[PDB]
Structures are given as C-alpha cells and as structure tokens.
Amino acid sequence: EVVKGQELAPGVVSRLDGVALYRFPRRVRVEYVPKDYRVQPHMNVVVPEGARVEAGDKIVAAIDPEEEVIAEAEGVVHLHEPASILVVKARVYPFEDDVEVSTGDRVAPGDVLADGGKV
C-alpha cells in the first residue's frame, strides 16, 4: 500500500495514492530458519509476494528447464530490485478460493468477486 508522494525509491516519487504493483524482479531474497537468487530477463517468478515455500516447490521458472530457483527449507519471498512500479487507484481483494469474475468486467460495490460470497 503506497501512499501519495511517497518515495517508491530514492530516485522517484509517487504522484497519486492506491496500490503500486511492481514490474520485474532482478533479485529475490529468501529466508530459512537464508540465501538469495538472481532472476534474468528471460526468467520469471510463479510464486506470489511474501509466500512460504515448501521442500520441493517450483519458485522462479524460465525457458531453460535447468538452473531454476527450486524450493528449500521454509523460505519467504522478499523481492529487491524491481524494474518498474506503476501505481493504480485500485483496491486489493485477497482471495484464497475460486475466482468467479472475468478479467475484463466492471463491477460495483457489493457484488461478489470470488470465494463464494466473502471477497
């Protein structure tokens, strides 16, 4: 949750409020009861932000089935070097169930987005 005029980084500052999603991860740190990987232009993550990993769970995939970020001993997502961060006056609705709404439809306050009738 980024605030208006906040320092997204020591180089640029936001103009509006709302959520500011990040673009590309150049580096991703992990935490074990902690190493760190390095993503490349052709590689991309498949796991959300700040999520715990299992013993063997695919983290950051790529075009090469070899040399990939594989799971380990209880990790945690901690992105570090984003490519860009565009902000949007949108609201965050965390869902853990099923998604009913289609990506490309206008909704109004009240209408159920997902999770049966929670979110």
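Residues numbered from 1 in each chain as written, not as in the entry; some residues may be left out. Part of a larger assembly, values for the part shown. Heavy atoms only, no water.

Per the deposited record, X-ray crystallography is how this structure was determined, to a resolution of 4.40 Å.

Draft legend 1. Here's a closer look at a negative patch on the surface. A cluster of acidic residues, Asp-98, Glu-100, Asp-105 and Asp-111, forms a negative patch on the protein surface. Mapped onto the secondary structure, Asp-98 falls in the segment after β7 (85–88). (Patch = residues over 30% accessible without salt bridge, like charges linked within 9 Å, V, L, I, M, F, W, Y side chains within 5 Å. Areas by Shrake-Rupley, 256 points an atom, 1.4 Å probe, with all protein chains shown as cover. Salt bridge = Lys/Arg side-chain N within 4 Å of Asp/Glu carboxyl O. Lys, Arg positive; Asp, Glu negative; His and termini not counted. Charge placed at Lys NZ, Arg CZ, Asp CG, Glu CD. Helix = DSSP H or I, 4+ residues; strand = E, 2+ residues; numbered from the N terminus.)

Draft legend 2. Main features of the sheet that holds strand β3 (residues 36–37). Taken in spatial order, the three strands line up as β3-β2-β6 in an open sheet, and their pairing is antiparallel. Two strands close off the open sheet at either side, each with one partner strand: β3 and β6 (78–79). Here strand β2 (residues 28–29) pairs with β3 via two bridges, running antiparallel. From the neighbouring strand, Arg-29 faces β3, where its bridge partner is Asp-36. (Pairing = 2+ DSSP bridges.)

Draft legend 3. Representation of the side chain of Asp-64. Summarising the element assignment, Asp-64 is placed in the loop between β5 (60–62) and β6. Here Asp-64 is buried and forms no salt bridge, its nearest opposite-charge partner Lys-58 lying at an N-O distance of 8.8 Å. Ignoring sequence-local partners within four residues, the contact set of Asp-64 consists of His-42 and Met-43. (Buried < 20%, exposed > 50% of the residue type's maximum accessible area, 1.4 Å probe, protein only. Contact = heavy atoms within 4.5 Å.)

Draft legend 4. Region of the structure containing the nonpolar core. Ranked by size, the top nonpolar core spans eight residues in total: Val-28, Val-39, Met-43, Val-53, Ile-59, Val-60, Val-69 and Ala-71. Those residues in contact with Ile-59 that sit more than four places away from it in its chain are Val-45, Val-46, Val-47, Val-53, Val-69, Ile-70 and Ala-71. (Core = buried A, V, L, I, M, F, W, Y, C linked by side-chain atoms within 4.5 Å.)

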